[PDB]
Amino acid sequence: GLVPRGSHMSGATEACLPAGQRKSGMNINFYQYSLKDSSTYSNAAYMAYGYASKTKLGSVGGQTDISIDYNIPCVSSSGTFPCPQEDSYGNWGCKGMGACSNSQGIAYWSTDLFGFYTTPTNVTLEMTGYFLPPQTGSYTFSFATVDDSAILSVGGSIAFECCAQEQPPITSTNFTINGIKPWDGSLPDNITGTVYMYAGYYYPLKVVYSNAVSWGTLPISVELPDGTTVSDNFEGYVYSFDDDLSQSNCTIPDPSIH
């Protein structure tokens, strides 16, 4: 027919067309999270919005390299160097450094997380921005692994509301990737979620990430409709806009018919 019929039962993901000045990269907000608290981040409500009820520590904007790979220090015979988790051994040492004198179980201060000076051993962060598909089709987002707890949400009224990136978080627990740390046990690696996206619309994107102890890890990728994979560096794909709650036409509830 003259027009497409639309995704079945309004199934299209909501997207946005913000009219303001586009900024490269995502905004990162940092919130307090307690060292060795292995229970708070196991709740869907906390990971969707509850994190923002705790003290906000600070923020950084314009971040395009969004994967997390935080390594604790090994205080070694030859100085203090970050230890890759797979190189830690015993009680404890780091391969190529010998025995480490420092505890794995205390807070450590570092700018490793997006240049913001904080405790990557124990913190919760929220990444917000808009994903711009250059190609129409199915996109598969993935976390290679999650240490400790994380979610990824895509879509208007799922990640956040259109033209309202900076507002308090919305309550949706309809996660695109549920990487919430289970009450007992661990999640597989390569946890994934797929979204069908229309080229040139801006899709709200939220990642909430938490760590309680020592190493923190969140390697983020997306597989494009063309079968190629973008990992870590999302430059050219992720953007921010200042709130404009007055832009009436900003929400596109169904990009398949717009």
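Throughout, rigid core stands for the largest set of C-alpha atoms superposing within 1.5 Å between the two forms. Position 1 is the first residue in the sequence shown; the rest follow in order.
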item: Comparing 185-193 and 217-225 where Cα RMS over structures and residues is taken in 8 other deposited structures of this protein (core fit), larger one; value: 185-193
item: Residue range whose averaged C-alpha B-factor is higher in the record, 132-140 or 180-188; value: 180-188
item: Higher-B stretch (mean Cα B-factor, as the entry records it), 86-94 or 163-171; value: 163-171
item: Options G79, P120, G105, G155 - largest CA temperature factor per the record; value: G79
item: Deposited CA B-factor, highest of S67, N29, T40, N211; value: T40
item: Where the record places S59 (Cα B-factor, split into thirds across the chain); value: highest
item: B-factor third for the C-alpha atom of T217 within its chain; value: middle
item: Cα B factor band for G227 (lowest, middle or highest third within the chain); value: highest
item: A19 - which third its CA temperature factor falls in, relative to the rest of the chain; value: highest
item: Among modelled residues of the same chain, the CA temperature factor third for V195; value: middle
